[PDB]
Amino acid sequence: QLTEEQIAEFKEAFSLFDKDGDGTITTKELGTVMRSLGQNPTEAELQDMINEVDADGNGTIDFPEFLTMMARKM
Ligand SMILES: C[As](C)(=O)[O-]
Ligand SMILES: [Zn+2]
Ligand SMILES: [Zn+2]
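Numbering (UniProt numbering), first residue to last: 4 to 77.
Here it is in structure tokens:
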């Protein structure tokens with residue numbers, strides 16, 4: 004299970020790139036969020052993630068979908 008500390012850190016790193024504070028980021032900023040967490044995904048691995056959290060291809064990711072995908076990755 005994710006810990007409270009993991010959820011809080013995932014939230015904080017995401018929020019660094021949510022400039023308008025509405026709980027969404029662009030798919031182009033997902034790698035920057037992951038690197039902010041000290042991870043180093045490949046472009047490949049980023050594409051697979053974007054495939055899970057931006058199924059419709061609108062180029063946005065909300066925090067709930069980011070968090071469950073990370074739960075699955077961790
Ligand atoms: C009003 As908007 C598309 O910048 O969240
Ligand atoms: Zn917005
Ligand atoms: Zn959503």
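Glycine included, each C-beta is placed from N, C-alpha and C at the ideal position.
- Judged by DSSP secondary structure, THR45 falls outside any alpha helix (DSSP H); it is assigned neither H nor E.
- By alpha-carbon distance to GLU48, the top candidate from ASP57, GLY41, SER39 and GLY34 is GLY34.
- In this structure, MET52 lies away from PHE13, with their beta-carbon atoms at least 7 Å apart.
- Bridge pairing for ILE64: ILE28 [DSSP].
- Short note on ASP23: C-beta closer than 6 Å to some heavy atom of ligand 2.
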